[PDB]
$ cat target21.csv   # CSV, C-alpha atoms and all ligand atoms
chain,number,residue,atom,x,y,z
R,1,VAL,CA,10.5,-3.0,-3.7
R,2,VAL,CA,13.0,-2.9,-6.7
R,3,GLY,CA,15.6,-0.1,-6.4
R,4,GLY,CA,14.7,0.6,-2.8
R,5,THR,CA,16.8,1.1,0.3
R,6,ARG,CA,16.5,0.1,3.9
R,7,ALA,CA,14.0,2.1,5.9
R,8,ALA,CA,15.1,3.1,9.4
R,9,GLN,CA,13.5,1.6,12.4
R,10,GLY,CA,10.6,3.9,13.4
R,11,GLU,CA,10.7,5.8,10.1
R,12,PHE,CA,7.3,4.6,8.9
R,13,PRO,CA,5.7,3.1,12.0
R,14,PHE,CA,2.3,2.8,10.4
R,15,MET,CA,3.6,0.0,8.2
R,16,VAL,CA,2.4,-3.6,8.8
R,17,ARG,CA,3.4,-6.8,7.1
R,18,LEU,CA,0.6,-9.3,6.3
R,19,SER,CA,0.9,-13.1,6.3
R,20,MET,CA,-0.2,-13.6,2.6
R,21,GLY,CA,2.7,-11.6,1.4
R,22,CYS,CA,1.3,-8.1,1.3
R,23,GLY,CA,1.9,-4.8,3.0
R,24,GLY,CA,-0.6,-2.6,4.8
R,25,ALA,CA,-1.0,0.6,6.8
R,26,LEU,CA,-2.5,1.2,10.2
R,27,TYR,CA,-5.7,3.1,9.3
R,28,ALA,CA,-6.5,2.7,13.0
R,29,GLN,CA,-4.5,0.8,15.6
R,30,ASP,CA,-6.7,-2.2,15.1
R,31,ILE,CA,-7.7,-1.7,11.4
R,32,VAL,CA,-5.3,-2.4,8.5
R,33,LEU,CA,-5.9,-0.7,5.1
R,34,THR,CA,-4.5,-3.0,2.4
R,35,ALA,CA,-5.4,-4.2,-1.1
R,36,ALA,CA,-8.6,-6.0,-2.0
R,37,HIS,CA,-6.6,-8.6,-4.0
R,38,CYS,CA,-4.6,-9.5,-0.8
R,39,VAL,CA,-7.8,-11.2,0.6
R,40,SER,CA,-10.3,-13.6,-0.8
R,41,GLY,CA,-13.5,-11.9,0.4
R,42,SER,CA,-15.3,-10.3,3.4
R,43,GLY,CA,-16.2,-12.0,6.6
R,44,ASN,CA,-15.0,-13.2,10.0
R,45,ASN,CA,-11.4,-14.4,9.5
R,46,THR,CA,-8.8,-15.2,12.1
R,47,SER,CA,-6.2,-16.7,9.8
R,48,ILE,CA,-4.4,-13.5,8.8
R,49,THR,CA,-1.4,-12.2,10.8
R,50,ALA,CA,-0.2,-8.6,10.8
R,51,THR,CA,3.3,-8.0,12.0
R,52,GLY,CA,3.9,-4.4,13.2
R,53,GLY,CA,6.4,-2.3,15.2
R,54,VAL,CA,9.6,-3.2,13.3
R,55,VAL,CA,11.4,-3.0,10.0
R,56,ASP,CA,13.2,-6.3,10.7
R,57,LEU,CA,10.7,-9.1,10.6
R,58,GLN,CA,12.9,-11.4,12.6
R,59,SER,CA,13.1,-8.9,15.5
R,60,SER,CA,12.0,-10.0,18.9
R,61,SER,CA,10.4,-6.6,19.2
R,62,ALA,CA,7.9,-7.4,16.5
R,63,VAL,CA,4.2,-7.5,17.5
R,64,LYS,CA,2.2,-10.2,15.7
R,65,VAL,CA,-1.6,-9.8,15.8
R,66,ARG,CA,-4.3,-12.0,14.3
R,67,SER,CA,-7.2,-10.7,12.3
R,68,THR,CA,-10.8,-11.1,13.4
R,69,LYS,CA,-12.6,-9.9,10.2
R,70,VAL,CA,-12.1,-8.7,6.7
R,71,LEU,CA,-14.0,-6.1,4.7
R,72,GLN,CA,-13.1,-6.3,1.0
R,73,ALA,CA,-14.3,-3.4,-1.2
R,74,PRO,CA,-17.9,-4.2,-2.2
R,75,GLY,CA,-18.2,-5.5,-5.7
R,76,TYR,CA,-14.4,-6.1,-6.1
R,77,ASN,CA,-13.6,-8.3,-9.2
R,78,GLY,CA,-10.1,-7.3,-10.1
R,79,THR,CA,-11.0,-4.2,-12.1
R,80,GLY,CA,-10.4,-1.3,-9.8
R,81,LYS,CA,-11.6,-0.7,-6.2
R,82,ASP,CA,-8.5,-2.5,-5.0
R,83,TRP,CA,-8.9,-1.9,-1.3
R,84,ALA,CA,-9.7,-3.8,1.8
R,85,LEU,CA,-9.8,-3.4,5.6
R,86,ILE,CA,-8.7,-6.0,8.1
R,87,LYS,CA,-9.9,-5.7,11.8
R,88,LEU,CA,-7.2,-6.9,14.3
R,89,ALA,CA,-7.8,-8.8,17.5
R,90,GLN,CA,-5.7,-6.3,19.5
R,91,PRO,CA,-4.5,-2.9,18.5
R,92,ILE,CA,-1.0,-2.3,17.3
R,93,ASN,CA,0.3,0.7,19.4
R,94,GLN,CA,1.9,2.7,16.6
R,95,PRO,CA,1.2,5.9,14.7
R,96,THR,CA,-1.6,5.7,12.1
R,97,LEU,CA,-1.6,6.9,8.5
R,98,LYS,CA,-4.1,9.5,7.5
R,99,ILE,CA,-5.7,8.9,4.1
R,100,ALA,CA,-6.3,11.6,1.4
R,101,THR,CA,-9.9,12.7,1.1
R,102,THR,CA,-9.2,15.2,-1.8
R,103,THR,CA,-7.1,15.0,-4.9
R,104,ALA,CA,-4.8,17.9,-3.9
R,105,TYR,CA,-1.9,15.5,-3.2
R,106,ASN,CA,-2.3,13.3,-6.2
R,107,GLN,CA,0.9,14.8,-7.6
R,108,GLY,CA,4.6,15.4,-6.8
R,109,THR,CA,7.0,12.7,-5.5
R,110,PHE,CA,5.6,9.8,-3.5
R,111,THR,CA,7.1,7.3,-1.1
R,112,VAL,CA,6.4,3.6,-1.0
R,113,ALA,CA,7.6,0.8,1.3
R,114,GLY,CA,7.4,-3.0,1.7
R,115,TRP,CA,9.0,-6.3,2.3
R,116,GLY,CA,8.3,-7.5,-1.3
R,117,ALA,CA,10.9,-8.7,-3.8
R,118,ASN,CA,13.7,-6.3,-4.9
R,119,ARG,CA,14.0,-8.0,-8.3
R,120,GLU,CA,11.5,-9.8,-10.6
R,121,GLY,CA,11.2,-13.4,-9.4
R,122,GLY,CA,13.1,-12.6,-6.2
R,123,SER,CA,12.3,-13.7,-2.7
R,124,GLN,CA,10.7,-11.6,0.0
R,125,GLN,CA,12.7,-9.2,2.2
R,126,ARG,CA,13.6,-9.5,5.8
R,127,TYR,CA,14.0,-5.8,6.2
R,128,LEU,CA,11.5,-3.1,5.2
R,129,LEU,CA,12.6,-1.3,2.0
R,130,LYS,CA,11.5,2.2,0.9
R,131,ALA,CA,11.8,4.2,-2.3
R,132,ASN,CA,10.7,7.5,-3.8
R,133,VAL,CA,8.6,7.3,-7.0
R,134,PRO,CA,7.3,10.3,-8.9
R,135,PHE,CA,3.7,10.7,-9.9
R,136,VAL,CA,2.9,9.5,-13.5
R,137,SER,CA,-0.1,11.1,-15.3
R,138,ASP,CA,-3.1,8.9,-16.3
R,139,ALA,CA,-2.2,9.6,-20.0
R,140,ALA,CA,1.4,8.3,-19.7
R,141,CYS,CA,0.2,5.4,-17.7
R,142,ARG,CA,-2.5,4.7,-20.3
R,143,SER,CA,0.1,4.8,-23.1
R,144,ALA,CA,1.4,1.7,-21.4
R,145,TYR,CA,-1.7,-0.1,-20.2
R,146,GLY,CA,-4.5,1.0,-22.4
R,147,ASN,CA,-8.0,-0.2,-21.2
R,148,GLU,CA,-6.5,-2.1,-18.3
R,149,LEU,CA,-6.1,1.2,-16.5
R,150,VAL,CA,-9.3,2.1,-14.6
R,151,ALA,CA,-9.7,5.9,-14.9
R,152,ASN,CA,-10.4,7.6,-11.6
R,153,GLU,CA,-9.7,4.5,-9.6
R,154,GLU,CA,-6.0,4.0,-10.2
R,155,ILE,CA,-3.0,6.4,-9.9
R,156,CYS,CA,0.4,5.6,-11.3
R,157,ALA,CA,4.0,6.4,-10.2
R,158,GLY,CA,7.6,5.6,-11.1
R,159,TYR,CA,9.9,6.4,-14.0
R,160,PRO,CA,8.0,5.9,-17.3
R,161,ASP,CA,11.1,6.3,-19.5
R,162,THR,CA,13.7,4.3,-17.6
R,163,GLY,CA,12.0,2.4,-14.7
R,164,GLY,CA,14.4,1.1,-12.0
R,165,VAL,CA,12.3,2.0,-8.9
R,166,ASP,CA,9.0,0.2,-8.3
R,167,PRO,CA,7.1,-2.0,-5.8
R,168,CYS,CA,7.1,-5.7,-6.7
R,169,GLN,CA,5.7,-9.1,-5.8
R,170,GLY,CA,5.0,-9.0,-2.0
R,171,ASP,CA,4.5,-5.2,-1.8
R,172,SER,CA,0.8,-5.0,-2.7
R,173,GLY,CA,-1.4,-3.5,-0.1
R,174,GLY,CA,1.3,-1.2,1.1
R,175,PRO,CA,0.6,2.6,1.2
R,176,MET,CA,2.0,5.1,-1.3
R,177,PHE,CA,2.2,8.4,0.5
R,178,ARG,CA,3.6,11.9,0.7
R,179,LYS,CA,3.6,15.0,2.9
R,180,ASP,CA,0.4,17.1,3.1
R,181,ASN,CA,0.4,20.9,3.8
R,182,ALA,CA,0.8,20.2,7.5
R,183,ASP,CA,4.1,18.3,7.2
R,184,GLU,CA,2.4,15.0,7.9
R,185,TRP,CA,2.4,11.8,5.8
R,186,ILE,CA,-0.9,11.2,4.0
R,187,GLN,CA,-1.9,8.2,1.9
R,188,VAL,CA,-2.8,8.7,-1.8
R,189,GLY,CA,-2.4,5.1,-3.0
R,190,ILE,CA,-2.3,1.4,-2.3
R,191,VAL,CA,0.3,-0.8,-4.2
R,192,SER,CA,-1.9,-2.7,-6.7
R,193,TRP,CA,-0.2,-4.0,-9.9
R,194,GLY,CA,2.1,-3.4,-12.8
R,195,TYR,CA,3.6,-5.3,-15.7
R,196,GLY,CA,6.7,-6.9,-14.3
R,197,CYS,CA,8.6,-4.6,-11.8
R,198,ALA,CA,10.6,-1.4,-12.5
R,199,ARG,CA,10.5,-1.9,-16.3
R,200,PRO,CA,11.0,1.1,-18.6
R,201,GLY,CA,7.6,1.9,-20.2
R,202,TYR,CA,5.6,0.2,-17.4
R,203,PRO,CA,4.9,2.3,-14.3
R,204,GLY,CA,3.5,1.0,-11.1
R,205,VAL,CA,-0.3,1.2,-10.7
R,206,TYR,CA,-1.9,2.1,-7.4
R,207,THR,CA,-5.4,2.2,-5.9
R,208,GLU,CA,-6.4,5.9,-6.0
R,209,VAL,CA,-7.2,6.4,-2.3
R,210,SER,CA,-8.9,9.9,-2.7
R,211,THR,CA,-11.6,8.2,-4.9
R,212,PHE,CA,-12.4,5.6,-2.2
R,213,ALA,CA,-11.7,7.5,1.0
R,214,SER,CA,-15.3,8.1,1.9
R,215,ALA,CA,-16.1,4.4,1.3
R,216,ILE,CA,-13.1,3.3,3.3
R,217,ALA,CA,-14.0,5.6,6.2
R,218,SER,CA,-17.6,4.4,6.3
R,219,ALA,CA,-16.7,0.7,6.1
R,220,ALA,CA,-14.1,1.2,8.9
R,221,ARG,CA,-16.8,2.6,11.3
R,222,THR,CA,-18.6,-0.7,11.0
R,223,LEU,CA,-15.7,-2.9,12.1
I,1,CA,CA,-6.2,8.6,-11.9

$ encode --input "target21.csv" --output "structure tokens" --more "lines below"
Ligand SMILES: [Ca+2]
Amino acid sequence: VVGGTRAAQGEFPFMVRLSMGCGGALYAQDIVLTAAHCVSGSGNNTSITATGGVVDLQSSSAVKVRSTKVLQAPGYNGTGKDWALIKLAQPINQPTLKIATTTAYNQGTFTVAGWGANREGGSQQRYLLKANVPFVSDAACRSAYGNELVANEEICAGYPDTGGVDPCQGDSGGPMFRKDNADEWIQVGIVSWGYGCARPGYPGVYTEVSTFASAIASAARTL
């Protein structure tokens, strides 16, 4: 995360770090919701590691669990539908993150977090970083990305005029969230892509969770 600050231990306990350099959220204690582009496809897979329970990846308190299977959004090909679920061999005993099923929260100021780079071309982070990024309308986002932006499948956030705060390489798959009307965090997005990181005129793009919530929920029941 470019322009982020250190998250406190226990602040966002649903966060998990994935071995390929992605973030993810605990949709269930043993099911990670991440980006489709973080995996190569669906199927049995025991080569992925999810590190949960800590902001400091070097902590002896970290829990490292291996995957058993991956379910990448059906039909994924790099043009939207950027979501995937990863079944874990053992559950990570931490709070889970509720996903948005309506579009009522696709507005306001969001929060993102990850161990990705804090500068373009930078190395990964040892400590979880968090940042607040305001919602950016489809129109403004489209003024930047044109046809690359998939209407209804992608939501944008950040500072369109001046940049400065934005997820970066290594943060993909992480959840973008905010408070619902019950003072509980709810997930409206999944870090997906952007041109560069934190650049004026180029906001961050995220998987619009509300659009795929029913699909994610059904797929998760099959894991
Ligand atoms: Ca949208």

$ residues_around --input "target21.csv" --residues "stretch 177-193 of chain R" --least-positions-apart "5" --cutoff "9 Å" --atoms "all atoms listed in the file" --output "count of residues only"
38

$ residues_around --input "target21.csv" --residues "residue R:201" --least-positions-apart "6" --cutoff "7 Å" --atoms "all atoms listed in the file" --output "PyMOL selection string"
chain R and resi 144+160-161

$ closest_residue --input "target21.csv" --among "R:66, R:81, R:87, R:126" --to "residue R:25" --atoms "all atoms listed in the file"
R:87

$ closest_residue --input "target21.csv" --among "R:9, R:40, R:58, R:51" --to "residue R:93" --atoms "only C-alpha atoms"
R:51

$ residues_near_point --input "target21.csv" --point "(-3.5, 5.5, 14.7)" --cutoff "7 Å" --atoms "all atoms listed in the file" --output "PyMOL selection string"
chain R and resi 26-29+94-97

$ atom_distance --input "target21.csv" --atom1 "atom CA of residue R:4" --atom2 "atom CA of ligand CA 1 (chain I)"
24.2 Å

$ atom_distance --input "target21.csv" --atom1 "atom CA of residue R:166" --atom2 "atom CA of residue R:151"
20.6 Å

$ atom_distance --input "target21.csv" --atom1 "atom CA of residue R:2" --atom2 "atom CA of residue R:114"
10.1 Å

$ closest_residue --input "target21.csv" --among "R:145, R:20, R:62, R:124" --to "residue R:48" --atoms "only C-alpha atoms"
R:20

$ closest_residue --input "target21.csv" --among "R:107, R:42, R:125, R:47" --to "ligand CA 1 (chain I)" --atoms "all atoms listed in the file"
R:107

$ closest_residue --input "target21.csv" --among "R:56, R:218, R:63, R:80" --to "residue R:148" --atoms "all atoms listed in the file"
R:80

$ closest_residue --input "target21.csv" --among "R:212, R:115, R:195, R:135" --to "residue R:158" --atoms "all atoms listed in the file"
R:135

$ residues_around --input "target21.csv" --residues "residue R:127" --least-positions-apart "4" --cutoff "12 Å" --atoms "all atoms listed in the file" --output "list in words"
residues 1, 4, 5, 6, 7, 8, 9, 17, 54, 55, 56, 57, 58, 59, 113, 114, 115, 116, 117 and 118 of chain R
